[PDB]
Student: 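Below is one structure. I have some questions about it.
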Amino acid sequence: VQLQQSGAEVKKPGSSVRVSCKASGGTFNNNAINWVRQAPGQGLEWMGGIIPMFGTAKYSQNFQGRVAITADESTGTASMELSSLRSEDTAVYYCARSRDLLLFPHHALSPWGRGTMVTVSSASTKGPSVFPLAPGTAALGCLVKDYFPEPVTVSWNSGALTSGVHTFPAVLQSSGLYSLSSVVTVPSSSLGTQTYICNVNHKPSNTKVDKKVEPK
Amino acid sequence: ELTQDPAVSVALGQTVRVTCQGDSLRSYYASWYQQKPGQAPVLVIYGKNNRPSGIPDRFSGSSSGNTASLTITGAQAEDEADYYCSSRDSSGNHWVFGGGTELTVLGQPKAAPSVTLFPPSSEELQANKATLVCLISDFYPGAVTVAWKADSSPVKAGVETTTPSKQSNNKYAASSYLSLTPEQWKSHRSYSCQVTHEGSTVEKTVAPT
């Protein structure tokens, strides 16, 4: 039983966002789906939950009036809509399963989805520029420059290459835009012969770009 | 409301205890979540000392009055994380979380930063921009500063530098970016990124040559 969540979003203050949580097995059965958020660098806060089998939901009073959770038991999908958005709603939003109350009185929240980053900002969206960082071992990388908002993801060779990869936390520039880099450490003997490609994804700008990184 | 100590330390291989307190714990059992940087929380203990599948038996829980405790024996570097307690509220309607406890596992070796400095790419120069990229990783403890030089002269303008962030191996990462015109980049003999860590300096240089 795994939970899959919709992708990162950006919304302007005053608007609304809908975030999805999908059950891998196609069904929620008996269970509740809970929504828990985490503002950057802060703790966890429960927002509400639903039992899709009956559609019954309860909400944190911190949000009552601008949160609504619904579900489609037929597609095993649950959605949380947060409206009248404010900057302080910028957070990663998780879904997490709880089991039936009376049958599992002492159980908790598990499993958790991977989280959905939602940024609430009136600043303009900006897709990144991607540049190759050309190379015992050698380091090579990709520069992901001047974008907004978070997040960006980087994979290497379409995810085939994971060992030796380090994707750094973004810098928030004084300009208000972000930049990050991803580097992989590889055997220098491989530089002539092995193709290395970074795959950069920035959902808010609908950016999906590959860059081959060659020796100069 | 649930309260926890903001932080607790433990020596490598030893036993650490994280406490949780609140009136709702009179009604329900606390549950405990482990969260590492950039990751979703993971349930480790619930109910009367129950462990979910795949959680090692080094983790255990107990409860008493309006308190609960998470105990980790034989602490490993890998146990370093934030630990949250949670429970149903006294009403039994909603969920409440404690503020989290930052667990530090001590005894980690001093480690110098690995520094990698990249010059501007051909592609970026062609687009009439120039960014030097200084990438700093695997240092401990997590305190560095970064500075730049043109030839042997300090350069403070056009610099954007992160504060250190904890890596998954409990060492730290940081980065710095220096923006130049192509003309500036071409003008000097070299540029340097200089990283200061624990009274030591790591300087890497690049040259348009």
Side-chain angles (χ1 to χ4, degrees), chain A residues 3-22 33 35-48 59-60 62-63 65-70 77-96 112-131 142-155 167-182 198-211, chain B residues 37-41 160 162-163 165 175 177:
Chain A
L3 305 175
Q4 297 132 304
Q5 301 190 220
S6 51
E9 303 202 36
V10 57
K11 291 290 182 169
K12 288 131 191 179
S15 57
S16 61
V17 64
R18 288 149 291 283
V19 175
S20 293
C21 184
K22 181 190 172 291
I33 295 298
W35 291 92
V36 175
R37 80 175 187 186
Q38 187 169 42
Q42 308 311 315
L44 300 173
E45 183 179 14
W46 190 76
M47 309 190 64
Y59 304 105
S60 168
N62 284 252
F63 310 97
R66 66 187 189 101
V67 63
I69 302 169
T70 51
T77 300
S79 294
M80 184 260 281
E81 179 192 82
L82 184 70
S83 50
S84 296
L85 289 174
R86 280 177 288 257
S87 296
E88 97 196 50
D89 291 325
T90 293
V92 173
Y93 289 80
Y94 301 102
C95 59
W112 292 66
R114 175 53 184 192
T116 297
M117 188 175 288
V118 178
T119 298
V120 181
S121 170
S122 55
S124 295
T125 293
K126 165 60 184 306
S129 295
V130 181
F131 303 105
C142 280
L143 166 62
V144 186
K145 179 191 162 190
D146 293 352
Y147 66 87
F148 188 84
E150 291 270 58
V152 162
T153 66
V154 182
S155 69
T167 294
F168 283 70
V171 58
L172 176 48
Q173 309 179 64
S174 59
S175 68
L177 306 171
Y178 296 89
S179 292
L180 62 71
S181 299
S182 181
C198 69
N199 320 112
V200 172
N201 190 341
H202 181 237
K203 292 183 167 163
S205 69
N206 192 20
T207 298
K208 281 201 186 64
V209 177
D210 298 329
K211 278 297 185 306
Chain B
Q39 288 185 7
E160 304 282 351
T162 68
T163 61
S165 274
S175 51
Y177 296 87

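Each chain gets a letter, A, B and so on, in the order the sequences are listed, and its residues count up from 1. Every heavy atom of this structure was used, including side-chain atoms; hydrogens, water molecules and symmetry mates were not.
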Student: Would you check, one step at a time, whether the test side-chain hydrogen bond (donor to acceptor under 3.5 Å, both in side chains) holds for A:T207 with A:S205?
Tutor: CA-CA 5 Å; A:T207 298; A:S205 69; 2.5 Å; yes

Student: Might you point out which heavy atoms bring A:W46 and A:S60 nearest each other, and give the distance in Å?
Tutor: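 Where A:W46 meets A:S60 most closely, the heavy atoms are O-CB, 3.4 Å.
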
Student: State which residues pass side-chain hydrogen bond (donor to acceptor under 3.5 Å, both in side chains) with A:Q5; sequence neighbours excluded, sorted by chain then number.
Tutor: A:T116

Student: Can you measure from OG1 (A:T119) to CG (A:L85) and round to the nearest 0.5 angstrom?
Tutor: 11.0 Å

Student: Looking at residues at least two apart in the chain, or sitting in another chain, which of them share a side-chain hydrogen bond (donor to acceptor under 3.5 Å, both in side chains) with A:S129?
Tutor: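 Testing A:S129 for side-chain hydrogen bond (donor to acceptor under 3.5 Å, both in side chains), a comparison that skips the adjacent residues, returns none.
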
Student: Give the minimum heavy-atom separation between A:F148 and A:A123, together with the two atoms involved.
Tutor: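 It is CE2-CB, 3.6 Å.
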
Student: Locate the shortest heavy-atom distance separating A:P128 from A:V144; write the atom from each residue and the value.
Tutor: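 It is CB-CG1, 3.4 Å.
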
Student: Taking the side chain as everything from C-beta on, heavy atoms only, tell me whether B:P41 gets closer than 4.5 Å to A:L44.
Tutor: yes

Student: Give me the atom names and distance for the closest heavy-atom approach of A:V92 to A:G115.
Tutor: CG1-CA, 3.8 Å

Student: For the CD1 atom of A:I69 and the CE atom of A:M80, what is their distance to the nearest 0.5 Å?
Tutor: 6.5 Å

Student: Quick one: does any side-chain atom of A:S83 pair with a main-chain N or O of A:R66 as donor and acceptor, under 3.5 Å?
Tutor: yes

Student: Are A:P149 and A:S121 close enough that some pair of their side-chain heavy atoms sits under 4.5 Å apart?
Tutor: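 Not in contact.
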
Student: Is there a side-chain hydrogen bond (donor to acceptor under 3.5 Å, both in side chains) between A:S16 and A:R18? Walk through the geometry before answering.
Tutor: CA-CA 7 Å; A:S16 61; A:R18 288 149 291 283; 2.9 Å; yes

Student: When you compare the side chain of A:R114 with that of B:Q39, does any pair of heavy atoms fall below 4.5 Å?
Tutor: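 The answer is yes; the side chains approach within 4.5 Å.
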
Student: Could you tell me whether the side chain of A:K211 reaches within less than 4.5 Å of the side chain of A:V200, counting heavy atoms only?
Tutor: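 No, too far: nothing below the 4.5 Å cut-off.
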
Student: For A:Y147, check ring pair (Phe, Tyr, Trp, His ring centres under 6.0 Å) against everything at least two apart and list the hits.
Tutor: A:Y178, A:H202

Student: Report the residues that fulfil side-chain hydrogen bond (donor to acceptor under 3.5 Å, both in side chains) with B:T163, sequence neighbours left out, ordered by chain and then residue number.
Tutor: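 With sequence neighbours excluded, B:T163 shows a side-chain hydrogen bond (donor to acceptor under 3.5 Å, both in side chains) to no residue whatsoever.
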
Student: With respect to A:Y93, which candidate in A:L82, A:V36, A:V17 satisfies the side-chain contact (heavy atoms from CB on, under 4.5 Å) definition?
Tutor: A:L82

Student: Under the criterion side-chain contact (heavy atoms from CB on, under 4.5 Å), which of A:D210, A:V209, A:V154 is the partner of A:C198?
Tutor: A:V154

Student: Can you give me the closest heavy-atom contact between A:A170 and A:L180, atom names plus distance?
Tutor: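 Shortest heavy-atom contact: CA-CB, 3.8 Å.
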
Student: Distance check, rounded to the nearest 0.5 Å: A:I33 atom CD1 versus A:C95 atom SG?
Tutor: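 Atom-to-atom, A:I33:CD1 and A:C95:SG are 6.0 Å apart.
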
Student: Which distance, rounded to the nearest 0.5 Å, do you find between the CG of A:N199 and the OG1 of A:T153?
Tutor: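 Between A:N199 CG and A:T153 OG1, I get 8.5 Å after rounding to 0.5 Å.
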
Student: How close do A:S20 and A:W35 get, heavy atom to heavy atom, and via which atoms?
Tutor: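 Shortest heavy-atom contact: C-CH2, 3.8 Å.
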
Student: Could you tell me if the side chain of A:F63 sits less than 4.5 Å from the side chain of A:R37, heavy atoms only?
Tutor: yes

Student: So how far is it from A:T90 OG1 to A:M117 CE, rounded to the nearest 0.5 Å?
Tutor: 9.5 Å

Student: So, does A:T77 use its side chain to make a donor-acceptor pair with the main chain of A:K22 at under 3.5 Å?
Tutor: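 Looks like no, no N/O pair under 3.5 Å.
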
Student: Report the residues that fulfil side-chain hydrogen bond (donor to acceptor under 3.5 Å, both in side chains) with A:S181, sequence neighbours left out, ordered by chain and then residue number.
Tutor: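 With sequence neighbours excluded, A:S181 shows a side-chain hydrogen bond (donor to acceptor under 3.5 Å, both in side chains) to B:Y177, given in chain and number order.
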
Student: Within this structure, what is the NZ-CD distance for the pair A:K145 and A:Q173, rounded to the nearest 0.5 Å?
Tutor: 8.5 Å

Student: Flag the pair A:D89 / A:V118 as yes when at least one side-chain heavy-atom distance between them is below 4.5 Å, and no otherwise.
Tutor: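 With C-beta onward as the side chain, the pair stays apart.
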
Student: Tell me the salt bridge (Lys or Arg N to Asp or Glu O under 4.0 Å) pairs involving residues 3-13 of chain A, sequence neighbours left out?
Tutor: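 Sorted result for residues 3-13 of chain A: empty, none.
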
Student: Can A:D146 and A:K126 be said to form a side chain to side chain contact (heavy atoms under 4.5 Å, CB included), step by step?
Tutor: CA-CA 7 Å; A:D146 293 352; A:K126 165 60 184 306; 3.9 Å; yes

